[PDB]
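Participant: Protein sequences, first through last, are from chains A and B. Take the first sequence: its letters are residues 568 to 572, 596 to 599, numbered as in full-length UniProt numbering. Numbering follows full-length UniProt numbering, in which position 14 of the second sequence is assigned residue number 122; successive positions increment by one, without gaps. Cβ coordinates follow ideal geometry from the N, Cα and C atoms, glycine included.
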Amino acid sequence: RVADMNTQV
Amino acid sequence: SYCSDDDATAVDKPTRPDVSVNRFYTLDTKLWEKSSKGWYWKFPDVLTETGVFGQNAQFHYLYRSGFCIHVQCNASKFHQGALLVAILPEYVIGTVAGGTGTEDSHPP
């Protein structure tokens, strides 16, 4: 009731 | 052949002129005598300061090329003699070491 709790080209 | 990707370590792409640097260069015309001993040419030191190949070798740190050496010696059919035209890899020059072998001299 709260709902807050490798180099390439 | 050109260096493969596996063999090459440098990451920058090299330049391949291939028509300005891959061509026959005529070095010199050393005279063969009856008492001649022989000569050696170091590669690519021979092509270091001439041609587009020379400019590319001077401008670039890294170099890789094959070579097509065409040694020419024309003589008549009444002349005789044979030359050993050979390619010696890593031809390190030694000295006489002062003749007696106790000088540790190095070639210039």
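With a threshold of 8 Å, are at least 3 pairs of Cβ atoms found where one atom belongs to the segment 180 to 197 of chain B and the other to the segment 115 to 122 of chain B?
Facilitator: Touching, no.
Participant: Would you mind stating whether residue 165 of chain B and residue 156 of chain B have Cβ atoms separated by less than 7 Å?
Facilitator: Contact flag set, yes.
Participant: Out of curiosity, what's the CA-to-CA distance linking residue 172 of chain B and residue 113 of chain B?
Facilitator: Roughly 14 Å between the two C-alpha positions.
Participant: Decide if residue 151 of chain B is buried, meaning its Cβ has at least 16 other Cβ atoms within 10 Å, or exposed.
Facilitator: It counts as exposed.
Participant: Using the three-state DSSP reduction, which class does residue 208 of chain B fall into: helix, strand or coil?
Facilitator: The answer is helix: DSSP assigns residue 208 of chain B an H, G or I state.
Participant: Any idea if residue 161 of chain B is buried or exposed, counting beta-carbon neighbours within 10 angstroms, 16 or more meaning buried?
Facilitator: Buried, since its Cβ has 16 or more Cβ neighbours within 10 Å.
Participant: Looking only at its chain, what residues have a beta carbon closer than 7 Å to the beta carbon of residue 125 of chain B, apart from the 5 residues adjacent to it on each side?
Facilitator: These residues qualify, in order along the chain: 160 and 164.
Participant: Measuring CA to CA, which of B:175, B:140 and B:138 is closest to residue 110 of chain B?
Facilitator: Here the closest residue by C-alpha is B:175.
Participant: In the DSSP assignment, find the unbroken alpha helix (DSSP H) run with residue 200 of chain B in it and report its ends.
Facilitator: First-last for residue 200 of chain B: undefined, no H or E at that position.
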